[PDB]
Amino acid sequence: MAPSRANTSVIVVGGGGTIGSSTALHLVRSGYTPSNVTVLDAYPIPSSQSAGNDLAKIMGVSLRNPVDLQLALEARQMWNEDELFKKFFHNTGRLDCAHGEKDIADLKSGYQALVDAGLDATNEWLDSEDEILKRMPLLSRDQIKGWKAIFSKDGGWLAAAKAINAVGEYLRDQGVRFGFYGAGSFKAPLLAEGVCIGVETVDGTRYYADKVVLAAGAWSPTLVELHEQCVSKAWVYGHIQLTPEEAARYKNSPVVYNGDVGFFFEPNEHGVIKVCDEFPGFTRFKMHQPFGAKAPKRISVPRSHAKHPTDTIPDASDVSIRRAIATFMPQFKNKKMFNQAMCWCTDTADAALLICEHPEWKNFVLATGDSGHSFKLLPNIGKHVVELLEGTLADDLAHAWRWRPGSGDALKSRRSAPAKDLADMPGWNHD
């Protein structure tokens, strides 16, 4: 007979990242024994290369699939009410803007989706640049002519790295086991009679456990064979430095987002604004053999900034990010970004998660497919990974997250185009 929860060991691979750390957290909250939970990561939580290890992420509701609503409401409640998480949600509002007929029409539909989801009280439609300037007067009326916007009063931004770090502290305090670097870098599941009984890391260290979760984000499909259910892509950011005087003006600013332009955040406590552009992401295809592959594989393998910290971003990205600064913050259009880096996610075809047991390897569970939209689910997602581990995951969640190699083309996913490849977008490499 299988051990009871109190005696069930679980290895969480990628446990220094977003979904992994959440999974570890909820294992403990769910009454697994902390010392029976092992978090393994290539880098100490919060992992240097985790997409969650960031200054700032957007908190907001975005409804791409039906299951999105439930997950978003859970997340919102916890960012507002959970003592572990509350202090890292800055409820400054979210300004989701569009310009041009196509983008504006899509926004109008997005707005109505939010209403129909029951969020009318916390979302308003802004039908002119004047309405927009009321929620964010530091925008230039020159630059945002003909823009419209949804303002989500209930949105804002998340101090991402800090939130994960507080999860790490909690796990540490509770007695969770850690292995990092060589001791934490997953290479293979250990298998017996078609059952997963642990993992081996690059330094040869073996961990034995009743259950294994693979929450390795953009590395997941590089680590085990996922038949292109996930395709990993990079987005880009840079930082600009404000004087204390300049920063003070932008204090408590709503997040500003435009799908055709990018997005930026109020200054952190160091006077630093993070800016991203928006685009369909970049692959970096190469030859690589994930565990369980039965043929030569060309797949998108993250070019990790943590591994290659001299890397920057493509020249085209430097250009697009600068035009974003020019548009959003024209008075700053002449600042030089620094800390420019690529940040890695993995897209499924339908942009829903992949959270499911491996069809072959009993007790090995996938928890990835973040599809670039999942940091906000830090608080709650781990709970459902536990439900899946335990066989209690709701049918609608279970279906949406299921093993589905047949599902479609992740390279394009739900985005405007197939991702281009870093090989064809020069200027990021300085080896």
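In this text, residue numbers run from 1 along the sequence as written.
- If you average the C-alpha B-factors over 98 to 106 and over 215 to 223, the higher value belongs to 98 to 106.
- 128 to 136 and 178 to 186 differ in mean CA B-factor, and the higher of the two is recorded for 128 to 136.
- Between the residues 58, 37, 377, 61, it is 61 that shows the highest Cα B-factor in the PDB record.
- Looking only at 381, 389, 45, 367, the residue with the top Cα B factor in the deposited structure is 389.
- Annotation for residue 303: C-alpha temperature factor in the lowest third relative to the rest of the modelled chain, per the entry.
- Split the chain's modelled residues into thirds by C-alpha temperature factor. Residue 13 is in the lowest one.
- Per the deposited record, the Cα B-factor of residue 292 falls in the lowest third when ranked against the other modelled residues of its chain.
- Residue-level temperature factors show residue 413 in the middle third of its chain, judged at the C-alpha atom.
- Placement of the Cα temperature factor of residue 270 within the chain: middle third of the modelled residues, per the deposited record.
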